[PDB]
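Counting convention: from 1, in listed order, for ligands and their atoms alike. Quick note: residue numbers are just sequence positions, from 1. Side chains are part of it too, since the values below use all heavy atoms of this structure and drop only hydrogens, waters and symmetry mates.
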Amino acid sequence: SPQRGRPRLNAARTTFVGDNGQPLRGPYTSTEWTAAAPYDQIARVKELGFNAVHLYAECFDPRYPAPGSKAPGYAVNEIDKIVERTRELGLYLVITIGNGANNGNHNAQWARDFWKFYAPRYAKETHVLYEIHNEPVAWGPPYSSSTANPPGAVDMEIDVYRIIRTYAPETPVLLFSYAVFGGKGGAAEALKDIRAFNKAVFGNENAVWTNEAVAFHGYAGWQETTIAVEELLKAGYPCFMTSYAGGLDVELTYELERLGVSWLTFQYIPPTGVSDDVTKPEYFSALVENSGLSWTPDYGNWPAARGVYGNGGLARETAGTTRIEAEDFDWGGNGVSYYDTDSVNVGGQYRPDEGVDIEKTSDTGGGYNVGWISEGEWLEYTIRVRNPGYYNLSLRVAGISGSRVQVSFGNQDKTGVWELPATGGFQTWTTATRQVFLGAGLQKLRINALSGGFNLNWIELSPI
Ligand SMILES: OC[C@@H]1O[C@@H](O[C@@H]2[C@@H](O)[C@@H](O)OC[C@H]2O[C@@H]2OC[C@@H](O[C@@H]3OC[C@@H](O[C@@H]4OC[C@@H](O)[C@H](O)[C@H]4O)[C@H](O)[C@H]3O)[C@H](O)[C@H]2O)[C@H](O)[C@H]1O
Ligand SMILES: O[C@@H]1[C@@H](O)[C@@H](O)OC[C@@H]1O
Ligand SMILES: [Ca+2]
Ligand SMILES: [Ca+2]
Ligand SMILES: [Ca+2]
């Protein structure tokens, strides 16, 4: 069977991982007011490096159970199709209740009845996880405050959890689905909610969860959301991102990858959804490609295996001058993180098992330079620009004759043709500088050798 094995908490207790130990990563679809996305459209997520699908299954009715209100269960035939199609495609599925125009709200009786019907229905589907309710409170913790808008969401979480565990004893549960989860303060407020949940459900405020995690969204922004997640992780509670958007929020994704946290992004499986289509490059694949983000996919060969050389495998951050040694190009290999015309490293130095040609340099500071740079060659360096704006881009270069380079950032040309002066010698060094406008974020710096005949020691960036 291609059916995926039950997700489980990882050893580090940071998130749910799959049957191969890898995080869950995926886009979303909806059966709230539309049919289930076709099989071939769901299949496309496998080629975009994903192994999961977020389903907004049904939208709640605030008026329920008043006359003419829409009851839960209306989409059952469409949800069954999503469950079957994900089963057969070897994908994980996270099912939740959506809100339509009523995000930051819920109807407790509607939620209890929804889960009463659906929990037993998919209990045995080992690829299916249950997320209690999307964004049930405007707009994050503490739900347990008597003045939360609206009140009683923790009672709903408790009640639905018990319903789920009665009929689906082994099914992973994602709790809270906080819209705005930000700062040490946010984590502290979430811990009030968690402690109250745990006391009611486990009889002990400090329960060690075996099959539950905190669902959250990214609307506090990447930095504050990352702080809040790190706090919650330190407190011993796993989490799972279920909805965020920047297109892909590359910055938060990078942080979640570092922290070992699974994620579902708010771009949709075609034909339809309320945001942006995940198969259009401008909303996902190009953002991943341009940034240098990498993970090992469950299916296919994309994204490429690559990353930062040195610096603990983390993106080199700008401030203040930031130096990137030419010899510290990203790992990933020929045609991926660099292109060299011969697979031998002719200089033999520093990285003898990659193709870039590297020699000891006599330049100030010593170390190494890239040499034997031939027309068409290129080198990539994954960096992170905190502050958007104009920077001085400096190349430390040498050459007997003049040469031409062009430098891209996130696959956008920032320099045009850049004529590098002859210095009269391959170890006679000069600094060439050009102003560039850089956008904020994780991005690959690419040196493109338009001609050969120059050596490159290092690259510098500093604000003008
Ligand atoms: O279908 C998914 C939808 O997304 C969920 O909200 C997310 C939230 O989880 C997080 O990721 O932040 C972004 C939120 O997205 C906003 O969601 C609401 C949406 O506007 C509503 O769109 C639906 C409209 O109504 C339906 O239209 C079709 C019709 O046939 C039906 O009867 C209508 O009810 C509604 O009036 C809009 O306010 C924004 O466009 C989007 O950015 C939601 O919980 C889930 O429903
Ligand atoms: O540094 C240079 C190299 O770039 C090449 O062009 O000739 C050999 C020297 O070591
Ligand atoms: Ca070579
Ligand atoms: Ca070369
Ligand atoms: Ca160097």
Self-check item: Proximity to ligand 1 by part of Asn99, non-hydrogen separation under 4.0 Å
Solution: both
Quiz item: In the protein, which heavy atom is nearest to atom 4 (O) of ligand 1, and how far is it?
Solution: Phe266 CZ, 3.4 Å
Quiz prompt | N, O or S atom of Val344 closer to the Ca ion (ligand 3) than 3.0 Å | solution = yes
Practice problem: Check whether any side-chain heavy atom of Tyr130 lies under 4.5 Å from a side-chain heavy atom of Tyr118, and answer yes or no. | Solution: no
Practice problem: Please round to the nearest 0.5 Å and tell me the distance separating atom OG1 of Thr14 and atom CG of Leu232. | Solution: 11.5 Å
Self-check item: Nearest heavy atoms of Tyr268 and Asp277, plus distance in Å
Solution: CE2-N, 3.4 Å
Quiz item: Which one of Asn103, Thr96, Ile97, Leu55 has a non-hydrogen atom at the shortest distance from atom 44 (O) of ligand 1?
Solution: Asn103
Practice problem: Give yes if a backbone or side-chain nitrogen or oxygen of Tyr219 is under 3.5 Å from a nitrogen or oxygen of ligand 1, and no if not. | Solution: yes
Self-check item: Centroid-centroid under 6.0 Å between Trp263 and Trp295 rings
Solution: yes
Practice problem: Taking the six-membered ring for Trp and the full ring for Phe, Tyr or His, determine whether the centres of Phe216 and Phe176 are under 6.0 Å apart. | Solution: no
Exercise. Measure the shortest side-chain to side-chain distance between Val250 and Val288 over non-hydrogen atoms and say whether it is less than 4.5 angstrom.
Key: no
Quiz item: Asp340: which N/O/S atom is nearest the Ca ion (ligand 3)?
Solution: OD2
Exercise. Kindly confirm or rule out an N or O of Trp33 lying under 3.5 angstrom from an N or O of ligand 1.
Key: no
Quiz item: From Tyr254 OH over to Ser291 OG, what is the distance, rounded to the nearest 0.5 angstrom?
Solution: 10.0 Å
Exercise. Output yes when a protein non-hydrogen atom is found under 4.0 Å of atom 33 (C) of ligand 1, and no otherwise.
Key: no
Quiz item: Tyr64 and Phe60: aromatic ring centres closer than 6.0 Å?
Solution: no
Quiz item: Can you tell me the N, O or S atom of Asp357 that's nearest the Ca ion (ligand 3)?
Solution: OD1
Self-check item: Geometry at the Ca ion (ligand 4) - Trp372 O versus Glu377 OE2 angle, rounded to 10 degrees
Solution: 120°
Self-check item: atom 2 (C) of ligand 1 protein-contacted (non-hydrogen atom, under 4.0 angstrom)
Solution: yes
Quiz item: Is there an N/O/S atom in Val346 at a distance below 3.0 Å from the Ca ion (ligand 3)?
Solution: no
Practice problem: Could you find the nearest protein heavy atom to atom 8 (C) of ligand 1 and give me its residue, atom name and distance? | Solution: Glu135 OE2, 3.5 Å
Self-check item: Within-cutoff protein neighbour (heavy atom, under 4.0 Å) for atom 17 (O) of ligand 1
Solution: yes
Practice problem: Would you mind finding which of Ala101, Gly273, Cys59, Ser30 brings a heavy atom closest to atom 37 (C) of ligand 1? | Solution: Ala101
Exercise. Output yes when a protein non-hydrogen atom is found under 4.0 Å of atom 25 (O) of ligand 1, and no otherwise.
Key: no
Quiz item: Would you say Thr253 and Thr265 make side-chain contact, with heavy atoms under 4.5 Å?
Solution: no
Quiz item: Quick check, are the ring centers of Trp209 and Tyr237 under 6.0 angstrom apart?
Solution: yes
Exercise. Test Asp193 against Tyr178 for side-chain hydrogen bond (donor to acceptor under 3.5 Å, both in side chains), laying out the working first.
Key: CA-CA 11 Å; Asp193 290 348; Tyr178 294 123; 2.8 Å; yes
Quiz prompt | Protein residue, atom and distance nearest to atom 22 (O) of ligand 1, heavy-atom basis | solution = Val274 CG1, 4.0 Å
Quiz item: Are any of the side-chain nitrogens in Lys360 or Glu327 under 4.0 Å away from the carboxylate oxygens of its partner?
Solution: no
Quiz item: Do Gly98 and ligand 1 have an N or O pair less than 3.5 Å apart?
Solution: no
Quiz item: How many degrees, to 10°, between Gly355 O and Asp342 OD1 as seen from the Ca ion (ligand 3)?
Solution: 170°
Quiz item: So which protein heavy atom does atom 45 (C) of ligand 1 come closest to, and at what separation?
Solution: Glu32 OE2, 3.3 Å
Quiz item: Which option out of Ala179, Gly100, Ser243 puts a heavy atom nearest to atom 11 (O) of ligand 1?
Solution: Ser243
Quiz item: Does any N/O atom on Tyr28 come nearer than 3.5 Å to any N/O atom on ligand 1?
Solution: no
Quiz item: Tell me, do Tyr122 and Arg87 make a side-chain contact under 4.5 Å, heavy atoms counted?
Solution: no
